[PDB]
Asks: 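Sharing a structure below in structure tokens format, with a few things to ask.
In the text below, chain A, chain B and the rest are named by the order of the sequence lines, each starting its count at 1. The figures that follow rest on heavy atoms only: side chains count, while hydrogens, waters and symmetry mates do not.
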Amino acid sequence: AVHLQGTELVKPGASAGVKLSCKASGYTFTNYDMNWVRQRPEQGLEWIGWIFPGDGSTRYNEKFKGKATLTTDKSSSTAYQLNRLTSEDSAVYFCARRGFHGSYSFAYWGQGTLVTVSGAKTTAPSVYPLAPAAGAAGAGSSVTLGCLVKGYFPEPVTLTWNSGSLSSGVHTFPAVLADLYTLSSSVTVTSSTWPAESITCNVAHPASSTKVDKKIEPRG
Amino acid sequence: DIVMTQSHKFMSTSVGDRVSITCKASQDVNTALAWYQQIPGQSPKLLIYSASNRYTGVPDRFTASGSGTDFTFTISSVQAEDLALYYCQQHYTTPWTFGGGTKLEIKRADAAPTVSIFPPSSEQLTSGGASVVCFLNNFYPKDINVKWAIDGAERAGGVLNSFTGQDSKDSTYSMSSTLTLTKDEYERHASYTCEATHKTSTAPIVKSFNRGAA
């Protein structure tokens with residue numbers, strides 16, 4: 001039962017560094033070298049470097065020169081990832097180990113640790129109702145309403161329609177950065193049912209303990 | 001640095017069918033190559049070690065071949081849970097490098113996007129903000145081009161796009177495109193258009209509205 005337990009996600013400021021953790025278990029920690037891999041949405045997976053707990057120290061990837069100076073510690077079988085500068089280092093970092101003795105392929109991986117670099121502070125989201133121009137209800141047999149959530153930090157926010165009773169025809173999209181995470185959701189129902197049968201989006205933001213239930217109404 | 005190239009970011013397949021992902025190492029990495037699979041929000045899973053060896057527990061449907069500069073991952077008969085990302089990785093000489101990955105997706109009937117455009121809400125305008133939102137939902141193939149036009153001229157500054165992966169139920173894709181201006185600039189223009197170019201129609205799908213005009 002080989003297992004690698006990584007650390008919870010952290011939100012460092014665009015300036016300092018953060019030491020990540022990886023608790024190996026189920027095998028003699030010193031018998032295998034630990035590896036670290038980075039994964040960003042646009043650049044894919046990139047190997048960072050390895051470490052020998054038996055002590056052969058390290059060997060880093062050219063690209064992660066001094067921005068990543070690994071370290072470890074026996075008597076606890078945990079490996080650490082320093083992360084120096086940090087600013088464009090926002091991504092998920094993995095802890096990896098190989099399986100057999102003669103293949104550098106990574107058979108064992110940690111669950112990964114998300115790292116977000118931002119100077120923003122906890123901020124409640126503004127929620128904006130999206131209704132078809134001039135109220136009405138479209139021009140077909142179906143009408144689409146929406147909810148725009150922006151200016152919040154940090155992730156995440158939960159969004160439902162009519163307290164969850166409206167789940168079909170819903171499209172809720174991944175939030176995108178921009179100082180204050182912004183996301184949106186659309187709901188599509190039968191034209192004759194709105195505004196006859198009310199529709200409200202419920203947005204909740206754990207970090208700020210805030211909730212907003214914005215009803216969607218015809219507008220001019 | 002050796003460069004692993006996976007020429008296909010996405011590959012259309014079907015359940016019960018055969019599919020082959022290809023990988024091309026910039027150099028002869030001999031047989032030092034591995035294949036990984038990854039599902040959203042999870043870590044990579046080793047599927048193949050040393051070019052063509054199944055790791056333990058990896059089902060017979062998964063196969064890999066090649067040795068030299070060209071390698072190929074194959075799935076005899078695709079199953080629902082195989083519609084994920086597969087990564088190539090050479091471990092011949094450091095630094096270890098991974099391919100860009102290939103996402104397998106379910107092929108289905110072409111479907112035109114339903115496009116909806118929304119003017120800024122009064123509540124946002126009072127805060128000095130003006131976001132125009134455009135939804136493009138339930139379309140297939142994923143290939144789509146969204147353009148914004150303000151008073152006719154195309155606008156690229158201030159556009160933020162978001163999309164969902166292929167739906168696990170209806171195999172379509174959806175997308176949101178938001179044009180965010182300040183109320184100051186928003187009120188200095190009159191015509192706002194969201195234009196979707198998709199293979200399902202010769203003419204791009206267009207949705208618009210005029211400030212203050214119903």
Side-chain angles (χ1 to χ4, degrees), chain A residues 6 35 37 39 43-47 49 59-64 92 94-96 98-100 102-112 126-134 136 138 142-146 148 150-151 169 171-176 178 182-186 188 214 219-220, chain B residues 1 6 32-36 38 41-46 48-50 53 55-56 85 87 89-92 94-101 114-124 127 129 131 133 135-138 160-165 167 174-176 178 180 209-210 212-214:
Chain A
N35 286 267
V37 174
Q39 178 163 45
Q43 309 179 62
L45 297 163
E46 283 181 292
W47 181 70
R59 190 180 181 185
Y60 307 139
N61 177 308
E62 323 130 352
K63 296 181 178 179
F64 289 80
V92 176
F94 294 99
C95 185
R98 70 190 72 166
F100 279 52
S103 56
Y104 294 83
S105 52
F106 302 137
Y108 305 101
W109 295 70
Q111 79 273 41
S126 300
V127 179
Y128 307 122
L130 313 176
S142 279
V143 66
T144 294
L145 306 175
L148 175 62
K150 61 188 293 79
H171 289 293
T172 293
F173 310 81
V176 303
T182 171
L183 76 68
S184 58
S185 171
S186 72
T188 309
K214 197 69 67 177
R219 52 95 77 72
Chain B
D1 290 64
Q6 281 174 260
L33 183 125
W35 286 96
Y36 304 85
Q38 179 180 47
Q42 298 284 152
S43 77
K45 289 185 191 169
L46 178 60
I48 305 295
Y49 66 97
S50 62
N53 294 285
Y55 186 54
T56 174
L85 282 161
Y87 292 97
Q89 189 237 302
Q90 69 83 19
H91 50 72
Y92 181 71
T94 64
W96 303 153
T97 53
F98 291 82
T114 298
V115 186
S116 298
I117 187 175
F118 301 74
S121 60
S122 295
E123 302 177 42
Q124 175 181 34
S127 72
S131 297
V133 182
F135 291 115
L136 303 104
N137 303 328
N138 300 94
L160 96 72
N161 289 168
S162 190
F163 41 74
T164 46
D167 179 69
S174 287
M175 159 182 202
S176 178
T178 300
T180 294
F209 73 88
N210 291 303

Asks: Given that the side chain runs from C-beta out, which part of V92(A) has a heavy atom under 4.5 Å from chain B: side chain, backbone, both or neither?
Replies: neither
Asks: Kindly state whether the ring of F98(B) and the ring of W47(A) have centres lying under 6.0 angstrom apart.
Replies: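 Distance test on ring centres: not under 6.0 Å, no.
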Asks: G129(B), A213(B), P119(B): which one forms the most heavy-atom pairs within less than 4.5 Å of chain A?
Replies: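 Max contact count across the listed options: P119(B).
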Asks: Under a 4.5 Å heavy-atom cutoff, which of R219(A), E46(A), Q111(A) has the most pairs with chain B?
Replies: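 Of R219(A), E46(A), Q111(A), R219(A) has the most heavy-atom pairs under 4.5 Å with chain B.
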Asks: Check whether any side-chain heavy atom of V143(A) lies under 4.5 Å from a side-chain heavy atom of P132(A), and answer yes or no.
Replies: yes
Asks: Flag the pair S162(B) / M175(B) as yes when at least one side-chain heavy-atom distance between them is below 4.5 Å, and no otherwise.
Replies: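 No - every pair of side-chain heavy atoms lies 4.5 Å or more apart.
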Asks: Excluding sequence neighbours, so at least two apart, what forms side-chain hydrogen bond (donor to acceptor under 3.5 Å, both in side chains) with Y36(B)?
Replies: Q89(B)
Asks: Is chain B contacted by the side chain of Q39(A), its backbone, both, or neither, given a heavy-atom distance below 4.5 Å?
Replies: side chain
Asks: Quick check: do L183(A) and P174(A) have side-chain heavy atoms less than 4.5 Å from each other?
Replies: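 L183(A) vs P174(A): side chains apart.
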Asks: Given that the side chain runs from C-beta out, which part of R98(A) has a heavy atom under 4.5 Å from chain B: side chain, backbone, both or neither?
Replies: neither
Asks: Which one wins on heavy-atom pair count under 4.5 Å against chain A: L85(B), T178(B), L160(B)?
Replies: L160(B)
Asks: Are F173(A) and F163(B) an aromatic pair, judged by ring center distance below 6.0 Å?
Replies: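 That pair fails the under 6.0 Å test.
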Asks: Using a 4.5 angstrom heavy-atom cutoff, name the option from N53(B), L33(B), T180(B), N138(B) with the most pairs to chain A.
Replies: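 When all of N53(B), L33(B), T180(B), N138(B) are compared, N138(B) has the most.
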Asks: What is the distance from atom CG of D167(B) to atom CG of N137(B), rounded to the nearest 0.5 Å?
Replies: 11.0 Å
Asks: Heavy-atom cut-off 4.5 Å, strictly under: side chain, backbone, both or neither for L45(A) against chain B?
Replies: both
Asks: Counting heavy-atom pairs closer than 4.5 Å to chain B, which one of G146(A), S105(A), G110(A), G44(A) comes out on top?
Replies: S105(A)
Asks: Among the options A32(B), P44(B), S122(B), pick out the one with the most heavy-atom pairs lying under 4.5 Å from chain A.
Replies: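 Top count of heavy-atom pairs under 4.5 Å with chain A: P44(B).
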Asks: Quick one: do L148(A) and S121(B) satisfy side-chain contact (heavy atoms from CB on, under 4.5 Å)? Show the steps, please.
Replies: CA-CA 9 Å; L148(A) 175 62; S121(B) 60; over 6 Å; no
Asks: Does any heavy atom of chain A fall under 4.5 Å from the side chain of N161(B), the backbone, both, or neither of them?
Replies: backbone
Asks: What part of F94(A) is in contact with chain B, defined as an atom under 4.5 angstrom from a non-hydrogen atom: side chain, backbone, both or neither?
Replies: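 Contact with chain B involves the side chain of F94(A) alone.
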Asks: Please identify, among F209(B), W35(B), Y49(B), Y87(B), the residue contributing the most non-hydrogen atom pairs under 4.5 Å to chain A.
Replies: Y87(B)
Asks: Which atoms of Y60(A) are under 4.5 Å from chain B, going by heavy atoms: the side chain, the backbone, both sets, or neither?
Replies: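 For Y60(A), there is no contact with chain B at all, as no heavy atom is under 4.5 Å.
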Asks: Do the non-hydrogen side-chain atoms of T114(B) and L136(B) ever get within less than 4.5 Å of each other?
Replies: no
Asks: Given that the side chain runs from C-beta out, which part of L145(A) has a heavy atom under 4.5 Å from chain B: side chain, backbone, both or neither?
Replies: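 For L145(A), the contact with chain B is made by the backbone alone.
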Asks: Go through the atoms of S50(B) and report whether side chain, backbone, both or neither lie under 4.5 Å from a heavy atom of chain A.
Replies: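 For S50(B), there is no contact with chain A at all, as no heavy atom is under 4.5 Å.
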Asks: Check whether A131(A) gets within reach of chain B through its side chain, its backbone, both or neither, counting any heavy atom under 4.5 Å.
Replies: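 Interface part for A131(A): backbone (N, CA, C, O).
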Asks: Show your reasoning for whether side-chain contact (heavy atoms from CB on, under 4.5 Å) applies to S127(B) and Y128(A).
Replies: CA-CA 11 Å; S127(B) 72; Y128(A) 307 122; 3.7 Å; yes
Asks: Apply side-chain hydrogen bond (donor to acceptor under 3.5 Å, both in side chains) to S185(A) and list each qualifying residue two or more places apart in sequence or on a separate chain.
Replies: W161(A), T172(A)
Asks: Is it the case that the ring center of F135(B) lies less than 6.0 angstrom away from the ring center of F118(B)?
Replies: yes
Asks: With the side chain counted from C-beta on, respond yes when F106(A) and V37(A) share a heavy-atom pair under 4.5 Å apart, and no when they do not.
Replies: yes
Asks: Check each atom of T56(B) against the heavy atoms of chain A and say whether the ones under 4.5 Å are side chain, backbone, both or neither.
Replies: neither
Asks: So which of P129(A), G102(A), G112(A), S103(A) has the biggest tally of heavy-atom pairs under 4.5 Å with chain B?
Replies: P129(A)
Asks: Taking every heavy-atom pair that is under 4.5 Å apart, which of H171(A), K214(A), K63(A) has the most such pairs with chain B?
Replies: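 Winner by heavy-atom pair count: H171(A).
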Asks: Does any backbone or side-chain atom of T97(B) lie under 4.5 Å from a heavy atom of chain A? Answer side chain, backbone, both or neither.
Replies: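 Nothing of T97(B), per the 4.5 Å heavy-atom cut-off to chain A.
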Asks: Can you tell me which portion of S126(A) sits under 4.5 Å from chain B's heavy atoms? Options are side chain, backbone, both or neither.
Replies: neither
